[PDB]
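Peer 1:
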Amino acid sequence: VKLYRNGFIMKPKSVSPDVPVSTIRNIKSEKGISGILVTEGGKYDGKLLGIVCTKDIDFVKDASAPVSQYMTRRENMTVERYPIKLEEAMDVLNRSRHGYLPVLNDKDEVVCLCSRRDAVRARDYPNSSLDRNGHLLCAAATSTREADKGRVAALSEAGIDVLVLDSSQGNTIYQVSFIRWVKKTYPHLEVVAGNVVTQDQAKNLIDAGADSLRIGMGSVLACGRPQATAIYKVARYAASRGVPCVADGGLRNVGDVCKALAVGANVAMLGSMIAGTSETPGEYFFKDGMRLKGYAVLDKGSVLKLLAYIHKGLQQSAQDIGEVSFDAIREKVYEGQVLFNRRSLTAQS
Amino acid sequence: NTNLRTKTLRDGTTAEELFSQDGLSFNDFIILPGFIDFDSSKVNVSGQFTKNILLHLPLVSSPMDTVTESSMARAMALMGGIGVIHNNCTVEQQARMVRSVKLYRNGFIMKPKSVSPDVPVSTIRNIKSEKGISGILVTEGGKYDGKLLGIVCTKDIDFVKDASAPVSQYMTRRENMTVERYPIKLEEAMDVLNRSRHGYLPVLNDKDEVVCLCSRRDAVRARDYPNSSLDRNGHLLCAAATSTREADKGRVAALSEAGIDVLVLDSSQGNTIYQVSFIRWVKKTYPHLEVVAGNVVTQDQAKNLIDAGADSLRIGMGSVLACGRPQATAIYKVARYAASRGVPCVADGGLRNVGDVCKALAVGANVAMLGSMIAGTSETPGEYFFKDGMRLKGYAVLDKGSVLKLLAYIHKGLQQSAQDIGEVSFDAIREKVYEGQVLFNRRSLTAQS
Amino acid sequence: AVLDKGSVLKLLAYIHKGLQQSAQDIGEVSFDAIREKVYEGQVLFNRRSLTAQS
Amino acid sequence: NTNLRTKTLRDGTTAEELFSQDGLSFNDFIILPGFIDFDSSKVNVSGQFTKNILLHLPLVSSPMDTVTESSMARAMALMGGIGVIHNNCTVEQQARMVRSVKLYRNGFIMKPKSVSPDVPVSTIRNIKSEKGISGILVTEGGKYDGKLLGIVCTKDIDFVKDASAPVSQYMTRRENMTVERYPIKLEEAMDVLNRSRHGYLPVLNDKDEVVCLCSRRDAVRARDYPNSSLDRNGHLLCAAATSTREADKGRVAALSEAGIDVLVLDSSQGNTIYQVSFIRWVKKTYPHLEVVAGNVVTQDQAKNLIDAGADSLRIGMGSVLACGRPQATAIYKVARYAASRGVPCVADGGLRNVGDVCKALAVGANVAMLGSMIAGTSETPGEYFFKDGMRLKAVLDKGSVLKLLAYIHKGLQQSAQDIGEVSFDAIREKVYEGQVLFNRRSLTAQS
Ligand SMILES: Nc1ncnc2c1ncn2[C@@H]1O[C@H](COP(=O)(O)OP(=O)(O)OP(=O)(O)O)[C@@H](O)[C@H]1O
Ligand SMILES: Nc1ncnc2c1ncn2[C@@H]1O[C@H](COP(=O)(O)OP(=O)(O)OP(=O)(O)O)[C@@H](O)[C@H]1O
Ligand SMILES: Nc1ncnc2c1ncn2[C@@H]1O[C@H](COP(=O)(O)OP(=O)(O)OP(=O)(O)O)[C@@H](O)[C@H]1O
Ligand SMILES: Nc1nc2c(ncn2[C@@H]2O[C@H](COP(=O)(O)OP(=O)(O)O)[C@@H](O)[C@H]2O)c(=O)[nH]1
Ligand SMILES: Nc1nc2c(ncn2[C@@H]2O[C@H](COP(=O)(O)OP(=O)(O)O)[C@@H](O)[C@H]2O)c(=O)[nH]1
Ligand SMILES: Nc1nc2c(ncn2[C@@H]2O[C@H](COP(=O)(O)OP(=O)(O)O)[C@@H](O)[C@H]2O)c(=O)[nH]1
């Protein structure tokens with residue numbers, strides 16, 4: 103997730119000259135990156151020798167041939183010398199009509215790499231959630247046991263921006279200790295504690311140092335809480351203390367997501383609603399004349449189209465409510481200017 | 003962690019407010035979570051069956067002829083609960099079932115089953131097949147207190163082809179038997195039994211007459227069932243049902259002779275003059291007996307039956331007659347009133363899953379009565395049959445397998461629920477519910493989907 | 440059309456016995472008594488939630 | 003292993019006996035297994051769509067306005083089948099769809115899309131988004147044969163914010179272009195294009211005017227779809243439907259100009275004087291066209307339509331409602347009669363799963379027409395929308447038709463394997479010979 107989008111591509115995937123074309127095809131097929139640099143000994147910081155792109159090997163019949171036979175050789179490559187501002191480098195890339203632009207030191211060793219694909223990703227996805235280095239934001243879940251400490255470190259090395267604690271009932275001493283320890287050891291990390299449904303639980307986990315709370319429990331065990339009430343109560347208390355909340359569960363259509371956001375949740379967690387989209391894990395199969403996903441659910445197509453659909457739905461709902469933002473809706477709900485009506489059981493038909 | 007466990011915001015609804023409006027069933031509300039600082043294994047689910055009887059496992063088998071006979075009561079007692087032998091039978095049958103339950107587990111086995119030397123092996127096989135006891139003593143004239151002559155065990159007759167042969171032909175003879183002389187402490191006797199690698203150890207007087215008997219099977223039962231509900235003599239606890247008519251007096255006596263520890267009154271509406279008189283008479287005549295009065299659903303009824311001297315109350319009525335009460339409201343109200351007067355209550359009815367049992371115990375019931383939930387387990391009365399490719403029980441219900449596995453499942457479920465609630469015992473849950481520290485939420489009809 | 444319920448006399452006796460058993464469970468020996476005690480607040484009720492009717 | 007494969011006991015029922023009584027559907031019978039000595043990968047499912055057109059994949063997209071337009075026909079032809087563009091449109095729209103299918107894949111592109119230098123970038127973006135072609139040539143006056151001035155590709159305009167700018171500002175200009183001079187063999191031209199690492203190679207005369215254009219995308223399409231149904235010039239095969247009225251004559255002409263290779267007559271009951279006259283007129287006026295007559299269900303209708311000069315027959319009627335025939339019987343009877351006269355048949359209707367398609371092909375059909383089975387795939391006409399959390403187009443989204451066609455392919459292969467023959471031509475022959483046998487299933491025997 104983190105290295106898909108970059109400005110300057112650090113540690114660019116590179117190979118040695120004797121590598122077979124089969125390896126470059128494998129790189130493109132599994133990991134999906136082109137423009138492989140060919141360097142001294144394949145080290146990502148070695149002397150730049152060449153580059154291998156899509157059109158350089160799409161015609162070759164002997165997949166065992168070395169890339170040096172078909173790579174574009176360094177003397178013929180447009181390159182840049184460190185230092186360079188990303189803005190100038192990407193304008194150079196644009197003017198060059200090429201897909202990639204390496205940046206080298208005085209010894210022709212590979213310092214970094216600019217990809218036109220990143221420019222086009224930025225153009226086609228102008229609202230991407232990004233960190234300060236131009237990478238996509240990524241969160242990761244973990245339990246709060248003692249072993250999971252290791253996990254956290256690893257994820258911190260991988261570059262997660264948010265840690266999310268996984269628990270059906272998050273108001274535990276183990277989770278409080280874990281939040282304290284995470285904020286102490288990895289101050290750069292933000293933690294989403296939970297799960298909770300009462301303002302007690304929220305108090306404990308916010309006192310521990312939680313930066314956000316996951317609301318939901320039950321959306330045979332006799333313990334839980336109706337989800338809309340839980341969201342309103344916990345989100346109100348947390349907002350009084352400056353902490354946003356995530357609605358997690360019972361979110362099955364767009365009206366429910368809009369309602370959950372209006373009554374206090376800042377963001378909404380989607381599980382069932384997006385399960386079976388093309389981007390989820392699992393293999394597709396045909397059965398009974400229906401496309402399904404298995405380790440079953442119905443194919444909903446691209447998650448991108450679904451996200452845009454939900455976006456437009458939330459916008460139209462906010463419009464009908466008469467406010468131009470959902471922060472405004474939350475503020476005016478707490479203020480008593482956005483109003484509701486409880487529906488009798490009959491009125492829901 | 004009292005700072006972390008103690009709710010000050012108190013975001014939720016207390017039981018008193020929850021049950022202040024219309025009558026509720028268990029699906030109408032849910033329990034809110036608390037604070038966890040312990041593993042679910044450490045949770046104590048015990049509850050009082052009566053003023054004086056605490057059950058490690060707060061579960062009681064219902065006194066229906068389709069649920070509780072000797073076998074079910076034994077299983078319940080072994081898992082830490084108790085069973086109520088149904089009263090749809092003669093006094094003699096009920097007393098025999100009670101005896102089956104009470105003499106299954108012993109320390110010293112009094113009146114050990116014994117036979118005379120001329121008895122055929124067929125008789126010993128019958129004893130093992132019907133009543134399930136081995137290690138039959140062979141004595142003078144078959145009297146259980148006669149001179150000890152020998153012992154007959156499983157391996158002594160499992161190879162014999164002439165079932166008419168006398169046991170004296172194959173019994174282990176007394177001169178070769180490890181025995182003990184009265185007096186002896188049970189501890190020393192059972193250690194001797196262990197060291198001897200044998201299954202049985204008789205205890206005799208100076209005349210070699212049988213005083214009593216120790217069984218290794220009792221040691222292994224104690225090891226495999228460490229939480230068994232026991233009386234002070236090492237026997238399994240047993241309860242028995244009876245109506246409150248005048249004839250049933252006889253029944254009571256018989257059951258008292260059989261050794262019941264709890265008498266349970268059987269009535270759809272227990273707030274009657276006949277039941278009040280019966281409770282008075284039972285407490286007067288058999289002070290050692292504890293009585294579970296009922297059934298009731300209002301605090302009026304509870305007052306009358308507790309004034310009569312009830313040691314516990316069965317709650318439930320309706321879980330075409332127009333009279334009854336939603337079960338959760340009934341449980342909360344009656345259990346609160348009875349607890350104010352020091353009497354525990356049994357939830358009887360409408361208990362169909364583990365969440366309902368947990369809720370019923372949290373809102374005031376000390377123990378829960380199971381009928382439908384355990385009907386069709388291997389230990390209930392009735393014969394198994396195959397039909398439509400399904401195993402069913404008949405005098440129909442689906443086979444649920446062993447009641448022991450089901451009881452352990454319910455135990456683990458109650459423990460996990462108590463953990464999620466944030467209390468390490470159900471007595472604690474009840475106290476904190478009355479205190480307003482365990483909170484609830486009423487669920488709209490829509491919120492139950 | 441309707442299903443045969445047999446004699447109305449047997450049905451009336453059935454309803455009679457049912458009313459008697461209900462009054463007994465309620466704890467009053469007459470329905471005039473039940474009405475009086477209902478107005479007096481000594482015969483009590485419980486409203487049933489929609490769930491409690493199952 | 004002919005000794006092991008050859009049935010002598012012949013425990014089973016032959017097709018002739020099976021279809022000798024009442025009219026059957028596909029669920030009324032099952033095919034008995036034979037002898038296996040091969041992998042399903044080696045099974046040839048190909049079938050004749052017409053007397054002269056063999057399809058690597060015996061699948062035809064139905065000419066319904068909800069199933070087959072240019073995109074569906076392209077997918078079918080690419081996977082080794084073919085599509086029939088529906089006739090629920092004007093003649094010009096149908097001809098445009100046919101042209102799209104025919105000019106999607108080329109060797110030499112003879113009429114390469116061209117623009118004049120003053121055209122805005124927005125127009126090239128529109129071309130790429132609507133028609134899906136890049137490497138637009140910029141020539142004198144925008145004529146596809148004018149003097150070559152430059153070329154516009156993806157990376158030449160992906161960064162510009164002023165969409166009204168002329169292409170002359172950003173195009174790759176002629177002086178810097180790798181080009182070739184007419185004449186040149188396609189083999190050498192495309193190898194040169196490969197070595198050049200570019201996406202396009204114009205071919206010009208001595209006057210620098212555009213003769214034609216080679217596209218790397220065509221090479222890669224040939225590599226990724228080696229079994230595409232193609233004509234002799236490297237274009238995808240395309241069929242188009244038409245009614246048999248007198249006005250439709252015009253329609254036919256237009257389609258002939260657009261380059262269809264097969265005409266398909268649209269009628270619930272094709273044994274009419276109008277259809278006979280239409281077939282005669284088509285074979286006389288446009289001999290290069292092959293005609294699939296229909297629809298028919300009896301051998302009398304087939305006799306008339308074959309005498310008229312039909313190259314293939316569409317089977318199906320009923321798969330108010332008083333006229334028709336159970337589809338499996340119709341297929342067996344008509345396909346047997348037509349095969350006796352050297353005409354293949356298309357199964358049209360009641361084909362709802364892979365077992366049904368396999369049965370229909372085994373009992374005589376050379377190819378099978380797909381309608382419902384492929385409705386709702388990404389390549390069908392219509393817009394997708396969300397409802398009740400399901401995505402629909440109404441029918442449910444089935445994803446890519448290509449993956450579904452591959453699924454059907456593997457299914458037919460595995461079925462043929464279990465039957466014990468390495469091709470469906472062999473299966474049909476052995477069915478007529480009595481060496482592939484069947485069993486009718488009682489109504490209870492169906493579960
Ligand atoms: N900085 C560069 N200098 C010189 N040649 C380059 C440079 N970057 C890429 N190339 C070459 O451009 C030629 C065409 O690029 P190619 O199409 O193969 O991959 P791409 O630029 O990533 O775009 P796409 O994969 O979508 O076609 C290749 O031969 C490639 O080696
Ligand atoms: N106190 C004893 N002294 C001598 N022999 C004994 C004594 N108790 C039992 N035995 C004998 O031990 C032998 C083996 O015991 P046996 O297996 O038949 O029954 P068990 O001890 O109850 O165990 P199990 O029935 O499970 O096999 C028998 O011959 C039995 O008579
Ligand atoms: N014959 C040519 N001579 C010189 N430059 C060319 C020639 N053809 C294309 N180019 C240029 O090289 C690049 C063409 O890349 P390419 O043809 O692979 O683009 P495409 O077909 O639109 O798809 P993609 O680039 O994404 O693979 C552009 O910069 C283009 O101006
Ligand atoms: N050549 C090239 N490398 C890229 C591109 N995008 C990202 N990378 C880098 O390629 C690397 C992916 O391979 P790598 O992580 O080293 O292998 P792994 O250790 O098995 O996961 C990462 O270092 C990315 O940063 C690209 O577009 N072209
Ligand atoms: N020999 C033997 N007797 C046992 C054992 N366990 C219990 N008993 C006694 O065996 C007797 C069972 O038979 P009994 O009650 O006398 O016959 P009943 O009057 O028809 O019920 C009881 O007295 C039990 O106490 C055992 O393990 N071995
Ligand atoms: N520049 C270019 N032209 C192509 C390519 N593939 C097909 N064409 C041609 O582009 C033309 C597109 O149709 P056109 O007649 O220009 O538009 P229409 O009048 O609306 O049908 C066709 O003549 C195709 O032959 C390609 O890859 N690059």
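Residue numbers (PDB author numbering), protein chains in the order written: chain A, 103 to 321, 330 to 405, 440 to 493; chain A', 3 to 321, 330 to 405, 440 to 493; chain A'', 440 to 493; chain B, 3 to 321, 330 to 403, 440 to 493. A prime marks a further copy of an entry chain. Every residue gets a Cβ at the ideal spot worked out from N, C-alpha and C, and that includes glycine.
Is it true that the stretch 377-394 of chain A meets the stretch 358-366 of chain B, where meeting means three or more beta-carbon pairs spaced less than 8 angstroms apart?
Peer 2: Output reads no: the stretch 358-366 of chain B does not touch the stretch 377-394 of chain A.
Peer 1: Which residue from A':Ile32, A':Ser22, A':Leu59 and A':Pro60 puts its Cα closest to that of A'':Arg487?
Peer 2: Selected option, being the one with the closest Cα: A':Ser22.
Peer 1: Please determine whether the Cβ atom of B:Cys155 lies at a distance below 6 angstroms from any heavy atom of ligand 3.
Peer 2: B:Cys155 Cβ: within cutoff of ligand 3.
Peer 1: Tell me where the alpha helix (DSSP H) around B:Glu479 begins and ends.
Peer 2: Segment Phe470 to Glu479, the alpha helix (DSSP H) holding B:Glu479.
Peer 1: Could you tell me whether any non-hydrogen atom of ligand 2 is closer than 6 angstroms to the CB of A':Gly134?
Peer 2: Incorrect: A':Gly134 has no Cβ contact closer than 6 angstroms to ligand 2.
Peer 1: At 7 angstroms on the CB atoms, spell out the chain A'' contacts of residue 433 of chain A', in chain order.
Peer 2: For residue 433 of chain A', nothing is modelled; it lies in the interval where chain A' passes from 405 to 440 with no residues in between.
Peer 1: Could you spell out where the beta strand (DSSP E) holding A:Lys397 opens and where it closes?
Peer 2: Looking at the DSSP string, the run of the beta strand (DSSP E) that includes A:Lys397 is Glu393 to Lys397.
Peer 1: Using a Cβ distance threshold of 8 angstroms, determine whether the stretch 233-251 of chain A contacts the stretch 271-278 of chain A, with at least three qualifying pairs required.
Peer 2: As far as the Cβ criterion goes, the stretch 233-251 of chain A touches the stretch 271-278 of chain A, which means the pair count is three or higher.
Peer 1: Under 6 angstroms from any heavy atom of ligand 5, does the C-beta of A':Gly152 make it?
Peer 2: No, since every heavy atom of ligand 5 falls outside the 6 angstroms radius drawn around the Cβ of A':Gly152.
Peer 1: Buried or exposed, going by whether 16 or more other CB atoms sit within 10 Å of the CB of residue 396 of chain A''?
Peer 2: Limits of chain A'' in this structure are 440 at one end and 493 at the other, which puts residue 396 of chain A'' out of reach.
Peer 1: From B:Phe51 to A:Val213, what does the alpha carbon distance come to, in whole angstroms?
Peer 2: Whole-angstrom Cα-Cα distance: 59 angstroms.
Peer 1: Just by C-beta distance, which residues in the stretch 260-275 of chain A are closer than 8 angstroms to chain A'?
Peer 2: Under the 8 angstroms Cβ criterion, the stretch 260-275 of chain A contributes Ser270, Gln271, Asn273, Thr274 and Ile275.
Peer 1: Taking C-beta to C-beta, are A':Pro289 and A:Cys333 nearer than 7 angstroms?
Peer 2: Cβ distance not < 7 angstroms, so A':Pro289 and A:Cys333 don't count as in contact.
Peer 1: Relative to ligand 3, is the shortest distance from any of its heavy atoms to the C-beta of B:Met112 smaller than 6 angstroms?
Peer 2: No, since every heavy atom of ligand 3 falls outside the 6 angstroms radius drawn around the Cβ of B:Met112.
Peer 1: Between the stretch 114-128 of chain A and the stretch 148-167 of chain A, can you find at least three pairs of beta-carbon atoms closer than 8 angstroms?
Peer 2: The stretch 148-167 of chain A vs the stretch 114-128 of chain A: in contact.
Peer 1: If you follow the beta strand (DSSP E) that A:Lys403 is in, where does it begin and where does it stop?
Peer 2: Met400 to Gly404 is the extent of the beta strand (DSSP E) around A:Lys403.
Peer 1: Which residues in chain A'' sit within 7 angstroms of A':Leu26, going by Cβ to Cβ distance?
Peer 2: Those are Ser488 and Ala491, listed as they occur along chain A''.
Peer 1: Return the CA-CA distance between A:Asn297 and B:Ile38, expressed in angstroms with no decimal places.
Peer 2: Between A:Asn297 and B:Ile38, the C-alpha separation is close to 58 angstroms.
Peer 1: Taking just the CA atoms, how far does A:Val294 sit from A:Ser314?
Peer 2: For A:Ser314 and A:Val294, the distance between alpha carbons rounds to 4 angstroms.
Peer 1: Is B:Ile384 helix, strand or coil by DSSP?
Peer 2: B:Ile384 falls in the helix class under three-state DSSP.
Peer 1: With a 10 Å radius around its C-beta and 16 neighbouring C-beta atoms as the bar for buried, classify A:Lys133 as buried or exposed.
Peer 2: Exposed: under 16 other Cβ atoms inside 10 Å.
Peer 1: Quick one, which of A:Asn376, A:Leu188 and A:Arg219 has its alpha-carbon nearest A:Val205's?
Peer 2: Ranking A:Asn376, A:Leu188 and A:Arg219 by Cα distance to A:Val205 puts A:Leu188 first.
Peer 1: Under 8 angstroms, with one C-beta from each stretch per pair, do the stretch 133-153 of chain A' and the stretch 80-93 of chain A' reach the 3-pair mark?
Peer 2: In short, these stretches do not touch, since the Cβ pair count stays below three.
Peer 1: Would you call A'':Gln481 buried or exposed, if buried means 16 or more other Cβ atoms sit within 10 Å of its Cβ?
Peer 2: Exposed: under 16 other Cβ atoms inside 10 Å.
Peer 1: Give the DSSP-derived three-state secondary structure of B:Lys209 in the structure shown.
Peer 2: Correct three-state label for B:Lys209: coil.
Peer 1: In terms of residues, what are the limits of the beta strand (DSSP E) holding B:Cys333?
Peer 2: Premise fails: B:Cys333 is in no beta strand (DSSP E) and is neither H nor E.
Peer 1: Check whether the Cβ of A:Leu206 lies closer than 6 angstroms to any heavy atom of ligand 4, and answer yes or no.
Peer 2: Not so, every heavy atom of ligand 4 lies at least 6 angstroms from the Cβ.
Peer 1: Give me whichever residues DSSP pairs with B:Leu61 in a beta bridge.
Peer 2: For B:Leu61, which the question treats as bridged, DSSP gives the partners B:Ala378.
Peer 1: By DSSP, does A':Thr125 sit in helix, in strand, or in coil?
Peer 2: It is helical.
Peer 1: Would A':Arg197 be called buried (16 or more neighbouring beta carbons within 10 Å of its own) or exposed?
Peer 2: The residue in question, A':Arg197, is exposed, as its Cβ has fewer than 16 Cβ neighbours within 10 Å.
Peer 1: Is it the case that the CB of B:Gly137 approaches a heavy atom of ligand 3 more closely than 6 angstroms?
Peer 2: Yes.
Peer 1: Quick check on DSSP: helix, strand or coil for B:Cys368?
Peer 2: Looking at B:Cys368 - three-state DSSP - the assignment turns out to be helix.
Peer 1: Is B:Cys355 closer than 7 angstroms to B:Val367 when the C-beta atoms are compared?
Peer 2: Contact flag unset, no.
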